[PDB]
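Each remark here refers to the structure printed beneath this line.
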Amino acid sequence: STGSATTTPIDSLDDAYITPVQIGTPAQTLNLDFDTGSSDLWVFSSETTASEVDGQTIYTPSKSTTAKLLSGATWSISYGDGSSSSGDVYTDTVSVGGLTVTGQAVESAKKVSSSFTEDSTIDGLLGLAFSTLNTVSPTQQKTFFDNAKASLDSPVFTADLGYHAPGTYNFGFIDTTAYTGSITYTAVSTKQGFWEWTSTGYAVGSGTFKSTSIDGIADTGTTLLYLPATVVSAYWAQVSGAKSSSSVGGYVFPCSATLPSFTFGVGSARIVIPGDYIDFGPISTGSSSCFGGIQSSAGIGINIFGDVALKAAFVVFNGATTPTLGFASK
């Protein structure tokens, strides 16, 4: 089997992407944030504290003939941005772009933190990291991809995120029309539950490539590119007036600037992030200070190849017995 779904930016900055997901019978369609940095499929629901729901579409298990309470199971998660959610668990039928999993754990939120409430466009998350990170207790549950894997034509999914435009998540096949050149594959460590890999280096604009190992995670659920402070400083030093602002919480730059590109290495190959992808616009409405799309990972504890990086590539998440990651230009 295969599936293919379009993923759409939630706003004009590409702060996140939402993908329609069918849950239950008859289908209830919710727009979920596909997150290769976590492993819980959780949704706003009829059980969510009413004061914490503000415009989201909810899953109502009592209206699904295929929903079954997973008795005794609870979940609770905290994300790297400090947001969190928790609740209980149902199993139900879940379909993405024509690909159907029966008995999928659908984690129903009883509580969500303010960041989720305030974002009307995201109805929940669909985790695509390794199932070892799943938070369901006392019986850990499998991700949608893990459940689908054995049925898929090939045990893979691909992320093809757009810049200021829709893109595509495919399951079970590699669309050879979706990228240019060849796909370069690179080794993955699953020890921390993430799609963790090692970039071979970087360049800033038309500058020379610096060969240096940068361990990090491929994370569709993180907006920006978080790299070591040395790398980030080298980038922003090429932008007149750019500085790290403690008050704002990262690098800012004059909105009048033209940003250089940023290249990262995948083996002997190179992915180029155009300068425009690194612009996240005014820090507040009407400001002439703009927020940068490359920020320091210092204090996160891990480097994160988030959407800024991933949207410059066609990315293969290969869930074969020995997982790997593939990157192509597009």
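Chain labels run A, B, ... following the order of the structure tokens; each chain numbers its residues from 1, and ligands are numbered from 1 in the order shown.
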
Checklist entry - Neighbours of residue 312 in chain A within 8 Å (only C-alpha atoms; same-chain residues fewer than 6 positions away dropped), as a VMD selection string? => result chain A and resid 161 to 163 271 to 274 329 to 330

Please, could you write that set of residues out with C-alpha atoms as an mmCIF file, in the first residue's frame?
data_model
loop_
_atom_site.group_PDB
_atom_site.id
_atom_site.type_symbol
_atom_site.label_atom_id
_atom_site.label_comp_id
_atom_site.auth_asym_id
_atom_site.auth_seq_id
_atom_site.Cartn_x
_atom_site.Cartn_y
_atom_site.Cartn_z
ATOM 1 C CA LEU A 161 7.850 20.738 2.416
ATOM 2 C CA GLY A 162 7.191 23.886 0.443
ATOM 3 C CA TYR A 163 8.547 27.387 0.889
ATOM 4 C CA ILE A 271 21.760 21.171 0.233
ATOM 5 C CA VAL A 272 21.405 24.922 -0.324
ATOM 6 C CA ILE A 273 18.931 26.894 1.783
ATOM 7 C CA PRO A 274 18.149 30.142 -0.061
ATOM 8 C CA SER A 329 17.851 18.903 -3.969
ATOM 9 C CA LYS A 330 14.595 19.900 -5.674
#

Checklist entry - Skipping near chain neighbours, those fewer than 4 positions away, what residues fall within 9 Å of residue 4 in chain A using only C-alpha atoms, listed as number ranges by chain? => result A: 96-99, 168-172

Item to check | DSSP strand (DSSP E) selection over range 50-244 of chain A, as an MDAnalysis selection string | outcome: chainID A and resid 68:78 84:96 99:112 124:127 156:160 167:171 184:187 196:204 210:218 225:227 243:244

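For the set A:245, A:158, A:28, A:297, the residue with the smallest atom-to-atom gap to residue 2 in chain A is A:158, counting only C-alpha atoms.
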
Checklist entry - Which one of A:290, A:204, A:94, A:148 sits closest to residue 26 in chain A if you count only C-alpha atoms? => result A:94
